[PDB]
Amino acid sequence: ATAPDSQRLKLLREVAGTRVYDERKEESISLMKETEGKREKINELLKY
Amino acid sequence: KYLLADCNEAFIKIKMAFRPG
(Lines give C-alpha, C1' and ligand atoms only; values in the text may rest on other atoms or scores of the structure.)
Protein backbone atom coordinates (compact mmCIF):
# COMPACT_ATOMS: atom_id res chain seq x y z
CA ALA A 1 0.00 0.00 0.00
CA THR A 2 2.76 2.51 0.82
CA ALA A 3 4.50 1.59 -2.44
CA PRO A 4 4.80 4.34 -5.05
CA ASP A 5 2.23 4.18 -7.85
CA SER A 6 4.75 3.17 -10.53
CA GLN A 7 5.39 -0.10 -8.70
CA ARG A 8 1.70 -0.98 -8.84
CA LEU A 9 1.57 0.07 -12.49
CA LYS A 10 4.43 -2.32 -13.21
CA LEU A 11 2.65 -5.02 -11.20
CA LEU A 12 -0.67 -4.70 -13.04
CA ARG A 13 1.08 -4.34 -16.41
CA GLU A 14 2.86 -7.62 -15.63
CA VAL A 15 -0.53 -9.08 -14.60
CA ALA A 16 -1.69 -8.18 -18.10
CA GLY A 17 1.17 -10.28 -19.46
CA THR A 18 3.01 -7.56 -21.39
CA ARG A 19 6.64 -7.85 -20.26
CA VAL A 20 8.35 -10.25 -22.70
CA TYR A 21 6.99 -8.36 -25.71
CA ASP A 22 8.36 -5.11 -24.31
CA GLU A 23 11.81 -6.52 -23.54
CA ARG A 24 12.20 -8.30 -26.87
CA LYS A 25 11.12 -5.27 -28.91
CA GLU A 26 13.59 -2.92 -27.21
CA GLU A 27 16.34 -5.51 -27.57
CA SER A 28 15.56 -5.97 -31.26
CA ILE A 29 15.66 -2.22 -32.02
CA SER A 30 19.40 -1.99 -31.31
CA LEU A 31 20.27 -4.93 -33.58
CA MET A 32 18.04 -3.62 -36.40
CA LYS A 33 19.65 -0.17 -36.17
CA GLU A 34 23.00 -1.91 -36.48
CA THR A 35 21.71 -3.62 -39.62
CA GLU A 36 20.73 -0.15 -40.89
CA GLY A 37 24.36 0.93 -40.60
CA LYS A 38 25.37 -2.32 -42.33
CA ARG A 39 22.98 -1.57 -45.22
CA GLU A 40 24.58 1.86 -45.57
CA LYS A 41 27.96 0.12 -45.83
CA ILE A 42 26.46 -2.25 -48.41
CA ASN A 43 25.25 0.60 -50.63
CA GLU A 44 28.68 2.28 -50.45
CA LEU A 45 30.41 -0.89 -51.61
CA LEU A 46 27.81 -1.41 -54.35
CA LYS A 47 28.53 2.03 -55.84
CA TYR A 48 32.26 1.25 -55.86
CA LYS B 1 25.32 -10.00 -42.63
CA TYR B 2 25.74 -12.74 -45.23
CA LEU B 3 25.00 -10.29 -48.04
CA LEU B 4 27.53 -7.79 -46.69
CA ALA B 5 30.16 -10.52 -46.39
CA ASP B 6 29.49 -11.65 -49.96
CA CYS B 7 29.72 -8.09 -51.28
CA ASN B 8 33.02 -7.49 -49.49
CA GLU B 9 34.38 -10.77 -50.88
CA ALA B 10 33.25 -9.80 -54.40
CA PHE B 11 34.99 -6.42 -54.17
CA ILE B 12 38.18 -8.17 -53.09
CA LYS B 13 37.78 -10.52 -56.08
CA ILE B 14 37.36 -7.89 -58.82
CA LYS B 15 40.54 -5.99 -57.86
CA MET B 16 42.76 -8.52 -59.66
CA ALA B 17 44.37 -7.82 -63.03
CA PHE B 18 47.11 -9.18 -65.30
CA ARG B 19 49.29 -6.70 -67.20
CA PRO B 20 52.19 -8.74 -68.68
CA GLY B 21 54.20 -5.58 -69.47
# chains A, B, ... in the order shown; residues from 1 in each chain; ligands from 1
$ interface_residues --of "chain A" --to "chain B" --cutoff "8 Å" --atoms "only C-alpha atoms" --output "count of residues only"
7
$ select_by_dssp --residues "chain A" --states "alpha helix (DSSP H)" --output "PyMOL selection string"
chain A and resi 5-16+20-47
$ decode --residues "segment 11-23 of chain A" --atoms "N, CA and C atoms" --output "short mmCIF file (atom, residue, chain, number, x, y, z; two decimals), in the first residue's frame"
data_model
loop_
_atom_site.label_atom_id
_atom_site.label_comp_id
_atom_site.auth_asym_id
_atom_site.auth_seq_id
_atom_site.Cartn_x
_atom_site.Cartn_y
_atom_site.Cartn_z
N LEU A 11 3.29 -3.78 -11.64
CA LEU A 11 2.65 -5.02 -11.20
C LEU A 11 1.43 -5.37 -12.05
N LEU A 12 0.53 -4.41 -12.25
CA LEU A 12 -0.67 -4.70 -13.04
C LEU A 12 -0.32 -4.93 -14.51
N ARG A 13 0.62 -4.15 -15.04
CA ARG A 13 1.08 -4.34 -16.41
C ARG A 13 1.64 -5.74 -16.61
N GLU A 14 2.40 -6.23 -15.62
CA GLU A 14 2.86 -7.62 -15.63
C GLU A 14 1.68 -8.58 -15.57
N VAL A 15 0.69 -8.28 -14.71
CA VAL A 15 -0.53 -9.08 -14.60
C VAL A 15 -1.20 -9.21 -15.96
N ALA A 16 -1.18 -8.13 -16.74
CA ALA A 16 -1.69 -8.18 -18.10
C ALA A 16 -0.86 -9.11 -18.98
N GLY A 17 0.38 -9.40 -18.61
CA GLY A 17 1.17 -10.28 -19.46
C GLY A 17 1.87 -9.57 -20.59
N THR A 18 2.46 -8.40 -20.33
CA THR A 18 3.01 -7.56 -21.39
C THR A 18 4.46 -7.18 -21.11
N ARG A 19 5.24 -8.11 -20.57
CA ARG A 19 6.64 -7.85 -20.26
C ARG A 19 7.62 -8.38 -21.31
N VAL A 20 7.45 -9.64 -21.72
CA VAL A 20 8.35 -10.25 -22.70
C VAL A 20 8.32 -9.50 -24.02
N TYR A 21 7.12 -9.13 -24.47
CA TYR A 21 6.99 -8.36 -25.71
C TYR A 21 7.77 -7.06 -25.64
N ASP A 22 7.67 -6.37 -24.51
CA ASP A 22 8.36 -5.11 -24.31
C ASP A 22 9.87 -5.30 -24.37
N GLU A 23 10.37 -6.28 -23.61
CA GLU A 23 11.81 -6.52 -23.54
C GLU A 23 12.38 -6.93 -24.89
#
